Ligand SMILES: Nc1ncnc2c1ncn2[C@@H]1O[C@H](COP(=O)(O)OP(=O)(O)O)[C@@H](O)[C@H]1O
Ligand SMILES: Nc1ncnc2c1ncn2[C@@H]1O[C@H](COP(=O)(O)OP(=O)(O)O)[C@@H](O)[C@H]1O
Ligand SMILES: Nc1ncnc2c1ncn2[C@@H]1O[C@H](COP(=O)(O)OP(=O)(O)O)[C@@H](O)[C@H]1O
């Protein structure tokens, strides 16, 4: 059908906007800025604004996770689109925050989140939507409980927005937007793309490997210096593909008594296989399986052997992918790179200046930046920096902003765990941080 | 006398401004902005504008080299000051460029240098003054041939400025401002101060060491990575103290036939001693006298020996100081760090961020910078950089400015060796250079 | 001022073709496939076929070295372009090989080089042009001695193409196309670009470094 499209990653960071190719909108007869009605899985719908995108495939639609969540679908799934000509300016909408996103937040909610979020934006909303509003170094989720023209409308300047009391509980299928996704990863476009390919069939179409006798990858080794976002990638790939995630921390395993280590490795692979499709992530692999000579222990050599055995003991394995992070290829036992094991490697390098910028935007999404803040500038003075450095930078900048305001606040009493929304991080804060 | 002051270095880079202490100006009854007549040696006079400096001491006057040259005086000499209440707005002045400063310059001298230099500035000038105007990546010197009033006047908006044809020859005592001076050295405050102490008496008061039997330093070893400005320091100290300068380049000596090396070392010390007070600078000392083991030759060992001999053969001498540069203490033969020889060592380190800024201003003095150019910014993104790096940076910036304008210029014909005065180096040029 | 362009490297490997930006041809009112007259240094002219190029800057013209040589200009120099509406199918042209390019060649020059080179191609040529024909693991240069409609024409199927023996000597300013050029360097795009930058001002505008005191790389 022409109205069926494949879900793809957003370029436009605004949660209300989905993107089509110029040709596709032509074909579907959709106006730039039109309100469209999206149909997903489990009888879910979403309403969004449609815009053209030059880079979008003709058969794909780009949407943010917020809308993917609302439609209960994942990247690569199929949605249907159709114009929404009947959509009315809403008389009144009722929204409530999800409890787990508003712990600690002692603000107005309406004045701090909702009012600025909706103001003059003409956002469409549908009853039962969860949307996200960022601010005050948090990101709060709200559920739309009622819209006056039901079940959807446009929040126009005259639309009354109600949020009368009592945060609501999170239902089971409602994944938190605080979960890691691809949108949380900057400057890895190329490698993240490879990893997604490798994993697509095994994790999203597992039934295939029962129907054919072709071998998908089993083990993927992510290498690169500390703080490059290897843990982040693995976690994200799991979340996005809806696979079960099992973390094995090198040091955590090695901290255990001889024997309770091997018992823990075993339990990890068993639990993965039980909950497949699944990803096992082995953080700090070199702690567990260092270069064959670097081990001096005898229990140490037994642990690495136990790991090789466990890798080999993964056949079709239902559909379990093992991902592991390490500093360098040569830091680990070469027997791990043997064929049935870690046979795929991906280099997560130091980010470039464009990547640095993406990372800086990711780690500032929930801050209020002054107008004088130039992230591209901060990008340019941080050549050596990896993701973890940049995140620390933004964190140091923000905490400096807070200290500057803290003497002022203590004196005219201590609003303290508030006023963090009116606070803005200035370029002076970043300079301060950049020289520390 | 209170009209008698010691010549010190300038903080204001205007070559028309001389700075005194509030108290002294009070004492001498001088108005901030007043024209003062300065008297020095060889019956040379100079008219300058007097301002105040918190750092200047009551006994000292701060002036730029331009004015020290005009007064035939050097740092530490004694000048006399007096108000100039009779000074008139000039009717007409006549100036000519010094030939050696205008080779290659195919501009309109008046339109490009003189007009902007004098315009609305109210500069005093005195017949027989040489002044310097910077611009178009050059610095041109002019001599004042005639002033209408008297021997001096103020160049007021109505003063007619003549420069009718024919660059003039440089007289003997007229030192080029293209010579290296302390104003060409950035970010060495502490060390430059030590070296100046060491040579003050030997080079400026040589008659003393005939009257007493105390030993001044003979050899000074400047240490630090390449491009830190060791050659520059030695050259500057020579020029400023009026001493004779003799360069010995390590590689140049070692490039000679066995025997012509030793003959060249000898000729260097002989010529120094003949023209004392003098500085001998040995650039790249480790090329001539490397660690005792690093030499393999037999003629090589003869050269090092020859050097030890020559230096130990310089007692108070005709007042000859020997300076030598090397990367590290340990790179050279320990016998050279002897007691009658290189017994004083001074570390010329990597410059800090303040130093980096001074260097960047030094290497931009003759460029036109756009308003968007922030040198302090360039200072901050060049931590590792040494002076030689920063000079290359400015050079790369300027050449990029020129290339951008070169396509445009070739097309609407090729002013070429001109229009370089209207050209301005932009922050975009520096960014381009900073990422290369 | 609109007809003056900056010489740039060829993308189209055919020595007859120069390339302009789409906008520029619009501006100059030139037909795709038109014969154009190029004016260079030392009162030299060339005639070429003009085609559009999407990647060519609006102020630049792309040409192969053959044409740069004929115009006595180099990359970055300035030429002028203008349409050539009067150009006629030539009755007869006379070409001779340059001696130094034909030592050892004991072939039929016409049958082996000229005939295939001109055949049904509609190449424009101007008296005093040197052109290059490749073949038999060698590349021969020819000089155009005479064209019937003088001084330029199109070599049409009916144009009689004469050699008439006796290779000619190479004049001084006539650089061999056997010389190395950027044309003979593959797979160095990025680095060749850097080196060209470094060297541009010092080598092509040397008069500058007498006028200013900035240091180019050495
Ligand atoms: N590419 C990146 N994009 C966004 N944030 C990043 C990136 N790399 C690192 N970070 C941030 O720094 C932290 C450190 O990264 P981490 O997942 O521990 O990487 P690694 O496992 O390679 O040490 C992350 O949790 C994240 O907040
Ligand atoms: N402190 C400095 N101030 C100004 N220019 C400097 C400085 N240090 C280095 N430079 C620049 O670098 C150039 C080369 O340095 P040079 O004088 O040879 O020092 P070194 O002998 O230690 O290499 C100088 O001519 C000057 O242009
Ligand atoms: N990038 C290249 N493009 C075209 N030909 C090349 C290239 N590199 C090498 N060659 C060929 O191989 C020969 C040997 O290259 P040469 O210039 O001697 O390189 P090098 O100095 O690095 O050895 C060249 O003359 C040329 O024929």
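Filter region B:192-211 for residues that are assigned to a loop (DSSP other than H, G, I, E, B) and surrounded by fewer than 15 Cβ atoms within 10 Å (Cβ to Cβ); which is farthest from ligand 3 (Cβ to nearest atom)?
Checked region B:192-211; the qualifying residue farthest from ligand 3 (Cβ to nearest atom) is B:207.
Pick from B:350, B:303: which is crowded, with 20+ Cβ neighbours inside 10 Å and more than 16 Å from ligand 1 (Cβ to nearest atom)?
Every option except B:303 fails the conditions.
Do you know which residues across region B:70-112 are farther than 27 Å from residue B:42 by Cβ, within 14 Å of chain C (Cβ to nearest Cβ) and assigned to a helix (DSSP H, G or I)?
B:109, B:112
Restricting attention to region C:195-203, does a residue exist that is more than 16 Å from ligand 2 (Cβ to nearest atom), more than 19 Å from the chain's Cα centre (by Cα) and more than 14 Å from chain B (Cβ to nearest Cβ)?
no
Given the criteria away from ligand 3 (no atom under 16 Å from the Cβ), more than 14 Å from chain C (Cβ to nearest Cβ) and within 23 Å of the chain's Cα centre (by Cα), does residue B:170 qualify?
yes
Mind listing just one residue for me: the one in region C:1-20 that is within 14 Å of another protein chain (Cβ to nearest Cβ) and assigned to a loop (DSSP other than H, G, I, E, B) and, of those, surrounded by the most Cβ atoms within 10 Å (Cβ to Cβ)?
Looking at residues that are within 14 Å of another protein chain (Cβ to nearest Cβ) and assigned to a loop (DSSP other than H, G, I, E, B), I get C:3.
State the number of residues belonging to region A:217-232 that are assigned to a loop (DSSP other than H, G, I, E, B) and out of contact with any helix residue (DSSP H, G or I) (no Cβ under 9 Å at 6 or more places or on another chain).
Total meeting the criteria: 1.
What's the number of the condition residue B:427 fails, among (1) touching a strand residue (DSSP E or B) at 6+ places or on another chain (Cβ under 9 Å); (2) within 14 Å of chain C (Cβ to nearest Cβ); (3) buried (at least 18 other Cβ atoms within 10 Å of the Cβ)?
Of (1) touching a strand residue (DSSP E or B) at 6+ places or on another chain (Cβ under 9 Å); (2) within 14 Å of chain C (Cβ to nearest Cβ); (3) buried (at least 18 other Cβ atoms within 10 Å of the Cβ), only one is false for residue B:427: (2).
Which numbered condition trips up residue A:32, out of (1) crowded, with 22+ Cβ neighbours inside 10 Å; (2) over 22 Å from residue A:130 (Cβ atoms)?
(1)
Kindly indicate whether residue C:214 is touching a helix residue (DSSP H, G or I) at 6+ places or on another chain (Cβ under 6 Å) and either within 13 Å of another protein chain (Cβ to nearest Cβ) or in a helix (DSSP H, G or I) (or both).
Here the answer is yes, as residue C:214 does meet what is asked.
Please verify whether residue B:146 is more than 22 Å from residue B:78 (Cα to Cα), more than 16 Å from ligand 3 (Cβ to nearest atom) and away from chain C (no Cβ under 14 Å), treating the condition exactly as stated.
Taking the combined requirement at face value, the residue satisfies it.
Just the residues that are surrounded by fewer than 16 Cβ atoms within 10 Å (Cβ to Cβ) and part of a strand (DSSP E or B), please, taken from region C:147-160.
Of everything in region C:147-160, just one residue is surrounded by fewer than 16 Cβ atoms within 10 Å (Cβ to Cβ) and part of a strand (DSSP E or B), namely C:160.
So residue C:42 fits all but one of (1) touching a strand residue (DSSP E or B) at 6+ places or on another chain (Cβ under 7 Å); (2) surrounded by fewer than 22 Cβ atoms within 10 Å (Cβ to Cβ); what number is the exception?
(1)
Go through region B:286-304 residue by residue and tally those that are touching a helix residue (DSSP H, G or I) at 6+ places or on another chain (Cβ under 9 Å), within 26 Å of residue B:244 (Cβ to Cβ) and assigned to a helix (DSSP H, G or I).
The total comes to 3.
Pick from B:392, B:398: which is closer than 30 Å to residue C:2 by Cα, part of a helix (DSSP H, G or I) and within 14 Å of ligand 2 (Cβ to nearest atom)?
B:398
Evaluate the following for residue B:204: is it out of contact with any strand residue (DSSP E or B) (no Cβ under 7 Å at 6 or more places or on another chain) and over 17 Å from residue B:245 (Cβ atoms)?
no
Just give me the residues in region C:177-191 being near ligand 3 (Cβ under 10 Å from one of its atoms) and within 14 Å of chain B (Cβ to nearest Cβ), in sequence order.
C:191
Could you say which residue among B:407, B:416 is at positive phi and within 14 Å of chain C (Cβ to nearest Cβ)?
B:416
Please count how many residues of region A:268-286 are surrounded by fewer than 18 Cβ atoms within 10 Å (Cβ to Cβ) and in contact with a strand residue (DSSP E or B) (Cβ under 8 Å, 6 or more places away or on another chain).
So the answer is 2.
Look at region B:340-364 and say how many of its residues are part of a loop (DSSP other than H, G, I, E, B), within 14 Å of ligand 2 (Cβ to nearest atom) and either closer than 14 Å to residue B:230 by Cβ or within 14 Å of chain A (Cβ to nearest Cβ) (or both).
5
What are the residues in region A:405-436 that are within 30 Å of residue A:355 (Cβ to Cβ) and in a helix (DSSP H, G or I), if any?
A:427, A:428, A:429, A:430, A:431, A:432, A:433, A:434
For residue C:160, which of the numbered conditions (1) more than 24 Å from the chain's Cα centre (by Cα); (2) away from ligand 3 (no atom under 16 Å from the Cβ) fails to hold?
Unmet condition: (1).
Could you look through region A:312-339, keep only residues that are in a helix (DSSP H, G or I) and over 28 Å from the mean Cα position of the chain (by Cα), and pick out the one that is farthest from residue A:221 (Cα to Cα)?
A:312
Would a scan of region A:218-240 turn up a residue that is on the phi > 0 side of the Ramachandran plot and more than 13 Å from ligand 1 (Cβ to nearest atom)?
no
Go over the candidates B:265, B:232, B:257 one by one and state the one that is surrounded by 15 or more Cβ atoms within 10 Å (Cβ to Cβ) and over 22 Å from residue B:186 (Cα atoms).
Step by step, each of B:265, B:232, B:257 is checked, and only B:265 is surrounded by 15 or more Cβ atoms within 10 Å (Cβ to Cβ) and over 22 Å from residue B:186 (Cα atoms).
Count, please, the residues in region C:51-69 that happen to be closer than 25 Å to residue C:134 by Cβ and within 11 Å of chain B (Cβ to nearest Cβ).
Total satisfying the criteria: 0.
Cβ coordinates were reconstructed from backbone atoms using ideal geometry, including for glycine residues, and neighbour counts include every protein chain displayed. FYI, it's all coordinate maths here, none of it is from the lab.
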